[PDB]
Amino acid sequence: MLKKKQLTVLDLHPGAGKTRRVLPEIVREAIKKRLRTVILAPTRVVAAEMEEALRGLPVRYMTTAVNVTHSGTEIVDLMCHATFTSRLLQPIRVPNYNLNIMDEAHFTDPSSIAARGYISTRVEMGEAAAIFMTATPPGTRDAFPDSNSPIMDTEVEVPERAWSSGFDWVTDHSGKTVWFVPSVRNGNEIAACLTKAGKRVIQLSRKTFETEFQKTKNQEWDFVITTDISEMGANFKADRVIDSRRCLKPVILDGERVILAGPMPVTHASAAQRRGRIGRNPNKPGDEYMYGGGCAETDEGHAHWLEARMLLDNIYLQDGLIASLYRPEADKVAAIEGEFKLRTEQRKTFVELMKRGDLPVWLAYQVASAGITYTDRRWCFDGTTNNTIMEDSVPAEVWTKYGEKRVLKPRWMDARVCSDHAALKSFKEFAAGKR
């Protein structure tokens, strides 16, 4: 795998030991061969798990989730998928790693797709070797892969709202359950219904992941209500996975706006990843997997593949060349390589709106490509009436940096900035000039 010009896909089934057994072996061999190596973790929780697995080995942890200071003699760096893409975008010089290892290489966030495209272009160019570690590589059609112990699979109607009757099997369980819901808002309703019936619930989402996940290990619980984020390495000591098999799809309508379509079916990779959370202990067979719909290839036409092209177009590779997306996923979007390449000063705005402004990729590109400087927020208020952001079924209001009260009405509308109370609270601070 380590020899140059080779992209290796390590597709061992969920729970085989790719992060606690296979990864330290590759690292020892890379250190022995003097290969400058990068290890890419999907999340900060998985970076702290990789540290336990690699403890003792000379690894430089370029993450605040690991409290280890480095000796300076390290040739292996460990960082998140987003961190890698972020430094490629920023004027910081990234070493030309001889070996690139991506764990959970199935992650569909725009920064993970872009990192796969950048790394695979380098392998294609004959400049590096790479290992993509995932039970579900891009293109997998098996939602029921092999496991460490037998799993009871059951097609069942799974509730997506609070209930007063008809779903006894959900509450008549004396064990631990990981329930994959389509959205934070859908999960809040089910969590409230389970709490009312006397259950201890923990809710996990992208924004709360490195705070609430610790609660699964520290306190007793009955259910974990989670979105698709727990598909990327999150391990639990549970005996049941309830899977709605639904998810929200960010879609770009007429190149003018972004909506959150669905709930709609998850891909086979996501259904396999969600089921893979159980059936992991060979001494405890009979972990149940209750699924509530079918699978469809909803990754085609999804905004993350377009956003990844927006990132890759603004990353230097070699002269005027631009990195292509990783081949098994290059057709999920219809895009010309280079069409989103911004000029030097606008690219600087694009990066800041994402890193400091915390705006979704698509939205950041809309603003930066219009010649708007980072701190200019007039666009948050000069959109049409249909772009009015509503909070509590009434127009949201912010105090502008000028001391004036205004209705939130953005020139470009992206549903991700107001898909829950936390996203809208964060966007209101942005529109007010607070960051």
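Each residue number is its position in the shown sequence, starting from 1.
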>> Using only C-alpha atoms and the B-factors in the entry, which stretch averages higher, 210 to 218 or 236 to 244?
In response: 210 to 218
> Which wins on mean Cα temperature factor, 345 to 353 or 196 to 204?
Replying inline: 196 to 204
>> Can you tell me which of 106, 275, 93, 116 has the maximum CA B-factor listed in the PDB entry?
In response: 93
> When the CA B-factors of 81, 284, 309, 87 are compared as recorded in the entry, which is the largest?
Replying inline: 284
>> Splitting the chain's C-alpha B-factors into thirds, which one does residue 410 fall into?
In response: lowest
> With respect to C-alpha B-factor, does residue 336 fall in the lowest, middle or highest third of the chain as deposited?
Replying inline: highest
> Based on the entry's values, in what third of the chain does the Cα temperature factor of residue 165 lie: lowest, middle or highest?
Replying inline: highest
>> Where does the C-alpha B-factor of residue 37 rank in its chain, lowest, middle or highest third?
In response: lowest
> Against its chain's modelled residues, does residue 21's Cα B factor rank lowest, middle or highest third?
Replying inline: highest
